[PDB]
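Participant:
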Amino acid sequence: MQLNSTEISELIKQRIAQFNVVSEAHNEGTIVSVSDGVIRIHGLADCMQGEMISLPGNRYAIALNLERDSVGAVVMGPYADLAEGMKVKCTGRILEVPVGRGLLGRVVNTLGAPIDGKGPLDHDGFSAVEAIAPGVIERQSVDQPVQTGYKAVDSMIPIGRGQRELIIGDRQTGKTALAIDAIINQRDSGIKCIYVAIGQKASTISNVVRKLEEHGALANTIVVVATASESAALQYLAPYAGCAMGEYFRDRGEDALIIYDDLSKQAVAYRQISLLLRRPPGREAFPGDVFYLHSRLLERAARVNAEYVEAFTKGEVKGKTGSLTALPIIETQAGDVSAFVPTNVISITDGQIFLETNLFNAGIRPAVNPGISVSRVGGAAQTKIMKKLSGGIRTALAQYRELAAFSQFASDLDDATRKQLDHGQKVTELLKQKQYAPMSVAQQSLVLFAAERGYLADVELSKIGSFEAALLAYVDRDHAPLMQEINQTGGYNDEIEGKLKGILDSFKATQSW
Amino acid sequence: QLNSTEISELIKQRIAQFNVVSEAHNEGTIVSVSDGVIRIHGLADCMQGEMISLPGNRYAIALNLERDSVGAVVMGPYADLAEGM
Amino acid sequence: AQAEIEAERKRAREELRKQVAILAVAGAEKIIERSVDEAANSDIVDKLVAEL
Amino acid sequence: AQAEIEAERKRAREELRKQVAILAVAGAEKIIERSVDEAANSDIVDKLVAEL
Amino acid sequence: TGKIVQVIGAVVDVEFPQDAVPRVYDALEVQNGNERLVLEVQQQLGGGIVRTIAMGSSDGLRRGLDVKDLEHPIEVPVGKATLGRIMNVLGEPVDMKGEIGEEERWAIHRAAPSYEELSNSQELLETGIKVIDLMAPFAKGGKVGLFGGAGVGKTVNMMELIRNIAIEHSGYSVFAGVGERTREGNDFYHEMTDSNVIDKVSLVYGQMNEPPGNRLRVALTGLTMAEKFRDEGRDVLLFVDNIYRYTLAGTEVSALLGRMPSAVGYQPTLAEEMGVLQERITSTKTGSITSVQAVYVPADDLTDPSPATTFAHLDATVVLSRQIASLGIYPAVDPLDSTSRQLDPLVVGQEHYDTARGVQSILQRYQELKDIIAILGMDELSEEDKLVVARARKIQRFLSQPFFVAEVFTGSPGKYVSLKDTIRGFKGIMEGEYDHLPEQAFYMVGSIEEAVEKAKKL
Amino acid sequence: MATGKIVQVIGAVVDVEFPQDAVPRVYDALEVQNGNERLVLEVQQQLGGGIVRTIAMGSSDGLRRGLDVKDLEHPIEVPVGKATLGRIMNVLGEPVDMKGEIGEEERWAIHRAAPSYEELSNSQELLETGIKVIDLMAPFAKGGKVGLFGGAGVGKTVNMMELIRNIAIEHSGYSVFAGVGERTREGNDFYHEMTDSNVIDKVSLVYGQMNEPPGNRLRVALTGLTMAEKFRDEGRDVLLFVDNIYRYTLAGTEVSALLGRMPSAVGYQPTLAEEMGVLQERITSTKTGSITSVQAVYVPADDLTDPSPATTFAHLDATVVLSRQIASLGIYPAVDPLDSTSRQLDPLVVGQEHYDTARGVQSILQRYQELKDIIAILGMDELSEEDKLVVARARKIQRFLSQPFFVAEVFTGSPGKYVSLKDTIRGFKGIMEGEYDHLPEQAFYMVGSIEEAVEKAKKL
Amino acid sequence: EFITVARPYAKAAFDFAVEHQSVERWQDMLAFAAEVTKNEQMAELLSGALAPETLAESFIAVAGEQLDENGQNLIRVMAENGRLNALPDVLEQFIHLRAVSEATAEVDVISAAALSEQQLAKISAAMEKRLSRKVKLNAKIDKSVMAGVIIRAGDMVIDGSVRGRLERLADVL
Ligand SMILES: Nc1ncnc2c1ncn2[C@@H]1O[C@H](COP(=O)(O)OP(=O)(O)OP(=O)(O)O)[C@@H](O)[C@H]1O
Ligand SMILES: Nc1ncnc2c1ncn2[C@@H]1O[C@H](COP(=O)(O)OP(=O)(O)O)[C@@H](O)[C@H]1O
Ligand SMILES: Nc1ncnc2c1ncn2[C@@H]1O[C@H](COP(=O)(O)OP(=O)(O)O)[C@@H](O)[C@H]1O
Ligand SMILES: [Mg+2]
Ligand SMILES: [Mg+2]
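Chains as they are written, first to last, in the entry's author numbering: chain B, 1 to 513; chain C, 2 to 86; chain X, 105 to 156; chain Y, 105 to 156; chain F, 2 to 459; chain E, 0 to 459; chain W, 2 to 174.
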């Protein structure tokens, strides 16, 4: 159908027609050195720091130093085919990236160039990659909830719009699953998503994008990719180029969610770039400002009050408050949660979800270790019902998991500890959850109701999952309006508490499981 | 390649007369100031550990007698000092 | 759908052969202000057509 | 599969645009180099020095 | 009159005519396109060159830009007019309100008060936190420091100290946020403003967004405000939200200034940079400054040069620890590592001192058994060393307390525990008079009667 | 025509000065007359003023300053295609055996970009090795990397020969073997073990052993990998063996130190995780073909945190570990089923039946692990009588994991067996759930399929 | 490379030459010194560690076209610091500082073939409305460009060529 040659021909000829032939004057220099991806340029009097320099071929380098007699730069691409004596031309543009809601559904290079085969971008101008976050008076406190699909994190570790929430754990623990499930769950909740993959294997991206398209989420996500093969500079500047696309929605009073696949591989690529410039390293050989690197990046995930959205948008938007939510992912060796880069990013975000390999080996997935994981905004983000049914559940389990330590060889206070153990054990058996199975807040809510009003004192551990699977279908047949209502509002009243007690008695007393 | 306090007008002085006159040898001029260390140009007759006397009522210790400079540490607040004193 | 696309491809390509010459002449005449004719260049445009 | 067919249509349309695009300029170069003369050269140089 | 000749990251080099070279620490000014950028000169290289740090984003600086010389250091508003307002590092107002109506402006680089003018006081400050004022009591006009790694509680503890001492005290207060989250600055601005105590607090912010120069000098700006209030004969509170970031911003810039690296990459001038600040935050015969400083320790390494050089500059040091917070025992203070200059029989009385030392001794004896308990299990211990373990494990829980600011996290209402009411309770536990209770009767309670009561509920 | 001149020689590093207008691009190859034989230099960096710093792919003894250097305009190129099967080559693609010239028709550069994002295969298949333990406990992805962690004396090379055989016979693939920095003795008595098992005709060998200078041990893996990429372009399935990836890392570190770059984390080069990625990323499936890789790995100081193990494991899909103990019991291949792992074991990828069969045998074995300690301390008679049956099913499982390789005949006499996955799933689903309780445990040993276990019990 | 270490010496020599109105002699002096630097034998001497005073004397002796006091003193001062190899760059930066002070410029004009000498007139006229300097053209012939003209003035260039017009279009697509 849509291979209309008329359309292609005009698509070209309109570009031809508006090609401004008029010549123009620019500033020019010579490449003097090339090594390990660093370029030393000679001339360019009117260069400026952070400027994009245009090399032969069609590729760019970024000015890092303006030495007295030369400009140090890094090449954003394959650097081998360059040679001393090539002329470079200074554009006037500080490092920039395309932005706009026309990027949604595209897979994009860190420079904005599209990488799927679907042709040129449609974008609303350009945005500077390096920018300073809104000030202390332009922020607003985070209030609105961001639902993932998971009972464990939505109950124990709530996330709000405008929050920053580290996902940390050892390799092969579900760090990426827990992130793309959050992306998938925004399929219908008006939050745009952005997923930037730094240093990942190319096949892993090719698979993640297939899952995103499978569940219908791709039409709502940008994707930025800098695979393990690509230059250190492209891997280092990727997450800034992702934040530059999230801030487009933030500053218009819309909401966005951005997921940095590894802020640990960004630190490694920056350590490379830094050691190739001979900068004295510090702890673990990381440069001095490896903190400022992540700091100026994550400080952009913010929520901004309506006066700032009015001032930014020339008054076209009133009353709406934008926000950008970040879930940076860190990886830690041998579960050591206390190393330089892992601790540096714990000291930047607003909480962390710690996924533990010991739990993940024992089938407890998502392996959310409670007691080490926290949310610094806490219940302020949760919906009213979830804030009620949850209570201090996470400290109940944090206690339970050390009670099991000493209660191993014996049990004393041996009635209340017996009930406490058999309770928390069914709780943990309830919090595990299959991949790609996001359950709405209505379902999570009445599940936590069943668990926390004692309604699971009866059934066996074995039956827990079948209890849930039958309960969620019962209430989908018989009580749809109540789900339709709890999903629409925070929806906590003693009226609804009675409705739930009645549903959970009726089910409990006649349905099979 | 790095410079070593070969700066325009000192070089020009030496252009005019390479065989420079004595200039006392008990006097020099501060050419650099940073973090409490001063680099003094001249003082051919400085001795290691000698007290060098600065404007105001202050002193420095000459520690790095070197081919071109005498690198000395200020015994007090240094931010007042200025090149050319 | 793959077979449908692979047929539509030929359908579009063969008529794009008729537009390539307009594109090349419009580009030349934009870059050069002195407009130009077909006769001096027919054997050149025809090669483009033959290589689409 | 309704989305994986559409991705293939978009991608084929893009590749076709790409080929026609490079042929346009590759031909325009030959047209120019075949159809220049010193009057055409003078016109351009004298236009551009007048905005120098 | 000046020209730029280099731009390396944050530091810019400027060339001036031979006779007009600026002094050290003077402020220059440049126009970074359609904006204005302020530079502070750090070093006078030779031949008119002068090397400076940019108090702003360095992006967009060409070489060869003209720079104007302002012939005075950075100077900030100060005094009564700076009260209830948020200010930049450069002393500019950062809330959207009007211009600051200051009568007077002070240079942020000053010398410390003479030894002849200092003063000292044994007058205790009664904070409501059991552990802090049992193990580490601190006095009016003295320095406190909270040491801990990321996410251990050194901000929430500082906010509870603010709540307890800062409102129950009349004089002014200053809060200098150095290199920490802007979210936690906005939430604090609004917590103040929504209770009409904002107009006794002066705020200064150089949060983590900002380029190294702002984080480098903001703490000195806050100090200068506090010092103006002190010289007026008042008595002030000064809270500094992370002093580690001053030294970290010094490190980030040191190597560009051409200085050889030292122990773990730290600048060679670490201890002098740190002392030139901490020496001017002190009380004196004319007025007093109480202060509380959060001190991040990187990688939880209490022997890294940066905490190691800071320990010396504090009167009361409170050390938080992750291996206690992970037990849920907040505030996660380590009582075998907290200490105070004020813990003397002559200052706190014999009974307080004796209770604090008995607690230290029991907890230490418990530390020495943890390896025997680990390897062999607990049933090998004596009848007199199972009792030590039980009493230590009760004292550990009873050191925990609910905070009026952690209600956000756990709902449980905060408690305020007076000093008499805790040196009674720990005496009670150590002498076995509460041996008939379970350990959980002590977790997150206030005075000892709340534990004897919570035991009834099991 | 020669245009350069050597201007420094320091160890393996050679600096040559060209005219301003002809500096070689990076990774290009030069050559010089090092006396009575030519020497090839690879360009690493372009310094100012026409000087270019290179590393010699050979011995730098005897090089004068001022020698004339001829600039080849292309990177190092090696012979590829069918012609290289059964041959030995060094980094530069010269026949190291005595069998004369390679008749190759085509030669490819060794430096290349990885497959672009949309060339990758839009699927996720499985590679059927035909080995019970591997196909069950640690299946291979078609296009994935596999680590092989066992020690010495356990049979790593007989397993490699078995895979080389099966991927040639059952599928229609070819194999490439790149020996990076390992003992020449091993290379020789591997060549001879393969030649007298008829597999030599189906594998192409490229060895750059410990004796070679740093550059050879650095680039030999890329030579092997580009020959494998040529086979892939023919639409085949290829199997690429890297005889020790840790030595590739260490050659990178040596060269990095020669070039004067600052030391990174534990002395490792600053560019470690990129030198690793730019190798490991060319080993992928593709819409035309695929390369699977089996990589022997050595972990320094028994530390899986050291930057090199931690950088490699980021790329490995599977992981099979060979145990001295499993071999002590006369079970071959000695794949430890409890520590061997794969990330293809998920119900999503391999299915629910395979997944839970593997998890079943794993739980059985690791319970037997402790019952066999209770036995050793208290004697058999203490065990409960359901455990006396777990200890009878675990022994049958542990036997059934043995297999007769074709390559193993000249040890074991018995002919070889190639077991289709489905048959392994059948056999273990059987043994696990009491079926075949009635027949003795030695009827499973070295049998192959299970429907031959019964027909070995028959005559027992 | 000497680009940076040659700056102070070029500036000092130029400043000295201006006070004494002998710039035109100093330029010949420096050029001859930079020439004796390029000799095959002298380049060997300059590289092998030899005491600065002896190197300076043995370099002076090889010149007689040097101003007895003020020319040779520059040689001795550079010898003290070992920078005698820098002379070929001290020369370039001397010429450049002179071209700045005299407010003179030099611009390349690159064309497919020779121009019409009225085009040259208009170019050498308008470039001085761009630049405050007097200009000396140096036309060049380049067939890679196939029409139009390139005007390069230092490190600023105005790309009026058709080749530029082509590759500035092929990239729009
Ligand atoms: N809720 C779940 N239930 C069962 N399995 C899960 C769940 N979440 C994740 N997994 C499994 O965990 C495995 C690894 O997950 P994932 O790739 O997200 O971890 P990762 O840390 O991103 O791995 P890497 O560190 O290599 O990127 C996946 O194969 C997936 O099957
Ligand atoms: N007294 C307390 N009660 C309950 N939870 C606490 C308490 N102190 C800290 N926490 C938890 O630990 C986290 C500590 O945050 P914070 O004190 O800001 O750490 P830091 O400032 O040291 O990085 C808080 O988000 C909170 O969830
Ligand atoms: N499948 C097998 N069948 C029979 N014997 C085997 C088998 N695998 C290993 N072995 C025995 O173990 C030895 C391992 O030797 P080898 O493969 O050379 O070890 P390495 O891996 O160190 O080269 C064989 O020579 C043989 O004795
Ligand atoms: Mg992952
Ligand atoms: Mg804090």
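For each residue, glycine too, the CB sits at the ideal point set by N, CA and C.
For ligand 3, is there any heavy atom lying closer than 6 Å to the beta carbon of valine 157(E)?
Facilitator: Yes, Cβ of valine 157(E) sits closer than 6 Å to a heavy atom of ligand 3.
Participant: Would you verify that the beta carbon of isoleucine 4(W) is, or is not, closer than 7 Å to some beta carbon of chain B?
Facilitator: Taking Cβ atoms only, chain B reaches closer than 7 Å to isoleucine 4(W), which makes this a yes.
Participant: Using a Cβ-Cβ cut-off of less than 9 Å, give me the residues of the segment 226-254 of chain B that come near chain E, in sequence order.
Facilitator: Residues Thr227, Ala228, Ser229, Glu230, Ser231, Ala232 and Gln235.
Participant: Output, in chain order, the set of chain B residues within a Cβ distance shorter than 9 Å of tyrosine 206(F).
Facilitator: The answer, in chain order, is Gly135 and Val136.
Participant: Measuring CA to CA, which of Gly351(B), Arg394(B), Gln18(B) and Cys47(B) is closest to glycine 61(F)?
Facilitator: It is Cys47(B).
Participant: Going along the chain, which residues of its own chain have a beta-carbon closer than 6 Å to the beta-carbon of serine 33(C), five neighbours each way excluded?
Facilitator: So the qualifying residues of the chain are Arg40.
Participant: If we cut at 7 Å on Cβ distances, does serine 141(B) have a partner in chain F?
Facilitator: By this cut-off, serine 141(B) is an interface position.
Participant: Could you spell out where the alpha helix (DSSP H) holding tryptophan 107(E) opens and where it closes?
Facilitator: First-last for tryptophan 107(E): 105-108, but that is the beta strand (DSSP E), not the alpha helix (DSSP H).
Participant: Taking DSSP as the reference, what is the three-state secondary structure of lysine 144(F)?
Facilitator: DSSP places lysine 144(F) in strand when its eight states are reduced to three.
Participant: Measure from the alpha carbon of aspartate 172(W) to the alpha carbon of each residue in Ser203(B), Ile12(B), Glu495(B) and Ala83(B), then state which is nearest.
Facilitator: Nearest of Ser203(B), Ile12(B), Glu495(B) and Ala83(B) to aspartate 172(W), Cα basis: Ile12(B).
Participant: With DSSP as the reference, label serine 375(B) as helix, strand or coil.
Facilitator: It is a strand residue.
Participant: Within the present structure, is the beta-carbon of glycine 10(F) separated from the nearest heavy atom of ligand 2 by less than 6 Å?
Facilitator: No, ligand 2 has no heavy atom inside 6 Å of this Cβ.
Participant: Helix, strand or coil for residue 186(W) per DSSP?
Facilitator: In the structure as shown, chain W starts at 2 and stops at 174, and residue 186(W) therefore has no counterpart that could be examined.
Participant: How far does the beta strand (DSSP E) with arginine 153(W) in it extend, from its first residue to its last?
Facilitator: Counting along the chain, the beta strand (DSSP E) containing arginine 153(W) begins and ends at 150-154.
Participant: If you measure beta-carbon to beta-carbon, which residues of the segment 114-145 of chain Y are closer than 8 Å to chain X?
Facilitator: Listed in sequence order: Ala116, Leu120, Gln123, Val124, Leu127, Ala128, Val129, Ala130, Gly131, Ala132, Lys134, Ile135, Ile136, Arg138, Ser139, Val140, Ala143 and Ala144.
Participant: Quick one, which residues of the segment 127-158 of chain W are near chain X if we go by CB-CB under 8 Å, in chain order?
Facilitator: For the segment 127-158 of chain W, which is checked against every Cβ of chain X, the residues closer than 8 Å are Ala148.
Participant: Leaving out five residues before and five after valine 22(E) in sequence, what residues of the same chain have Cβ atoms less than 7 Å from its Cβ?
Facilitator: Answer for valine 22(E): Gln45, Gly49 and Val51, listed in chain order.
Participant: Inspect the CB distances between the segment 120-130 of chain E and the segment 77-93 of chain E and report whether three or more fall short of 8 Å.
Facilitator: No contact exists between the segment 120-130 of chain E and the segment 77-93 of chain E.
Participant: If you draw a straight line from the alpha carbon of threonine 383(B) to that of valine 447(B), how long is it in whole angstroms?
Facilitator: Approximately 15 Å between the Cα atoms of the pair.
Participant: What are the boundary residues of the beta strand (DSSP E) that includes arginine 59(B)?
Facilitator: Per DSSP, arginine 59(B) belongs to the beta strand (DSSP E) from 59-66.
Participant: Distance check for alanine 45(C) and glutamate 10(C), CA to CA, integer angstroms please.
Facilitator: Between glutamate 10(C) and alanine 45(C), the C-alpha separation is close to 20 Å.
Participant: Short of 8 Å in beta carbon distance, which residues of its chain neighbour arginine 260(F), apart from the five on each side in sequence? Order them along the chain.
Facilitator: Correct list, in chain order: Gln268, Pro269 and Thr270.
Participant: Do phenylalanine 410(F) and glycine 112(B) have their CB atoms nearer than 7 Å?
Facilitator: It is not a contact, given that the beta carbons lie outside the stated cut-off.
Participant: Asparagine 185(B) to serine 255(F), Cα distance in whole Å?
Facilitator: Using only the alpha carbons, I get a separation of about 46 Å.
Participant: Give every residue whose Cβ lies closer than 6 Å to any heavy atom of ligand 4, listed in chain order.
Facilitator: Result: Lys175(B) and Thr176(B).
Participant: Which residues of chain F have a Cβ atom closer than 7 Å to the Cβ of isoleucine 167(B), listed in chain order?
Facilitator: Those within 7 Å of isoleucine 167(B) in chain F number zero; the least Cβ separation is about 15 Å.
Participant: What do you reckon, are the CB atoms on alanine 28(E) and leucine 71(E) nearer than 7 Å?
Facilitator: Contact: yes.
Participant: What does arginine 453(B) touch in chain E if you count any residue whose Cβ is under 8 Å from its own?
Facilitator: Per Cβ cutoff of 8 Å: no residues; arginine 453(B) is ~33 Å from chain E at best.
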